[PDB]
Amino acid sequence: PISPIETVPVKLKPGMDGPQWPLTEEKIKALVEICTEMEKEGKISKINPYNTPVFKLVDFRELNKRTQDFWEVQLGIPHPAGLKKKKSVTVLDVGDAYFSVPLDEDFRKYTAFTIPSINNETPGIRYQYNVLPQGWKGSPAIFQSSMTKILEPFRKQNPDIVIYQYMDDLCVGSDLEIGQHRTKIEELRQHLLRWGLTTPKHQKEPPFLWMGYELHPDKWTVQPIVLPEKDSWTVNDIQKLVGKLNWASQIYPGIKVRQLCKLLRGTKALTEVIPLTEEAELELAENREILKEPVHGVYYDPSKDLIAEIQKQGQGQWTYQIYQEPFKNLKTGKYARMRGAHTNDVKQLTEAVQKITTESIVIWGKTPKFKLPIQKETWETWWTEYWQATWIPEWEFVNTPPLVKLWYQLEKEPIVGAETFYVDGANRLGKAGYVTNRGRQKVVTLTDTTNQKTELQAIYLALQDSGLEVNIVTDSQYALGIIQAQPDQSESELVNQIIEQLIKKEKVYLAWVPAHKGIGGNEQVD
């Protein structure tokens, strides 16, 4: 009910001022009864120019607009795999406890609201809160902090008792034995009750509902969320389906949604009913089999270190799994990728590592040792030469293909004997071709292009019409860099083209020179 806790000072937003619908005789009666009660319990107090509309519900929407800002409540959630397996784990639902914490007397005023009278223009009944009001801005923020202090002592008192705060939740684990543990929860409840923090009549139990997760004792299982099978698929429905489908692809490696997505193409409304294709019916079905299957995981045991192994589900598609004991995974996930303007697999491999590394540091405060699909020479050959600062923490090469590697490598020096193609292309349509040293020549008129494309096609053709070894000199700094970055995938089909071709050769030397200049060869195409 009420508490003897050091209230906290609440101010209105920088230089602002504090913030009733007509009701039914029935809604009035009901609301007056509720309030006289809510009054007595020592929560509200009859009384002030302010007012918030009561619907029982109170619309602080405006109050809150006019209330200060607090320290970010932190919308970052603890993840099961970050829990340390414990002999015992009670969970207390504190929730209603905020109505137990006092409100900064001064502020209270604003909270004022009104209860309508039948005969309007007759004083309705006015009140205001004395403790954190459900619906108010600082309530959550404040109640937490309160709690945190109220534990503090106790957390020091008994160190082996591990507590977790989270909204209206208080997960308490320990390695104490049953009745031994039991009694501790008992003392905590009291400590809390010794302040006004009352706890349940309907005590929560072992298999736990971590939004999506099923938290069991010393392990966790995934509470299989089903696929609403039907034969009338609305747009909304196929989306929501892809939504849960994708959530799944993470802990269930195997889910695919290509064909289900296709169903979205051209759609003209949410309610539209899209008939599933054959491949849709199959995929969507082979996915009903995976989801049936339940997946279990372990917990963090500081005693044994962390390990992460990754793999490529497809170009720029990564699957990882973090574990302490082989086949005993702590967590797993997938990174379907962007398909950047101009990337490469090794680089991409890198960004996968980087997130993991961060993800870990949160969950464990430590980073994992890495098992990865790449030759150390490959890594080496690449990173020591790329123009960008890059790195992978401690790792080892795992040989479980497909391996990620260097689809190609431009030469460091011109190829002797190999042919030489001086290429160039170029208005707001165009042309682009080449003239080798050994006679050969081409050109092509392009309908609907831009300077870029042309240049590129130039280089493209150059590669088409050449042997397994070619020397190509060009003047597109843009083309140059792109390529010189030896990328194995891009946004540009054309670029894609070139990559194809580039891969195709046994040796390719790219050279670049400044345009418009009299640079021979360069001035011919020019």
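Residues carry their position along the shown sequence, with the first being 1.
Asker: I'd like to know the size of any gap between residue 78 and residue 79, counted in deposited residues with no coordinates: none, 1 to 3, 4 to 9, or 10 or more.
Answerer: In the record, the chain runs straight from residue 78 to residue 79 with none unmodelled.
Asker: Which class fits the unmodelled deposited stretch between residue 47 and residue 48: none, 1 to 3, 4 to 9, or 10 or more?
Answerer: Just 1 to 3 residues are missing between them.
Asker: On average, are the C-alpha B-factors higher in 330-338 or in 110-118?
Answerer: On average, C-alpha B-factors are higher across 110-118.
Asker: 21-29 versus 8-16: which one carries the higher mean Cα B factor per the record?
Answerer: Higher mean C-alpha B-factor in the PDB entry: 21-29.
Asker: From 359, 351, 231, 152, can you pick the one with the highest C-alpha B factor in the entry?
Answerer: That would be 231, according to the entry.
Asker: For the C-alpha B-factor as written in the entry, point me to the maximum among 494, 480, 38, 461.
Answerer: When the deposited C-alpha B-factors of 494, 480, 38, 461 are compared, 38 is largest.
Asker: Classify residue 64 as lowest, middle or highest third according to the C-alpha B-factor given in the PDB entry, relative to its own chain.
Answerer: Its C-alpha B-factor belongs to the middle third of this chain's values.
Asker: Looking at the entry's B-factor column for C-alpha atoms only, identify whether residue 178 ranks in the lowest, middle or highest third of its chain.
Answerer: Answer is lowest: the recorded C-alpha B-factor places it there.
Asker: Looking at the C-alpha B-factor of residue 52, is it in the lowest, middle or highest third of its chain?
Answerer: CA B-factor rank for residue 52: highest third.
Asker: Place residue 205 in the lowest, middle or highest third of its chain's C-alpha B-factors, as listed in the PDB entry.
Answerer: Highest third of the chain for residue 205's C-alpha B-factor.
Asker: Lowest, middle or highest third: which one holds residue 402 when the chain's residues are ordered by CA B-factor from the entry?
Answerer: CA B-factor rank for residue 402: middle third.
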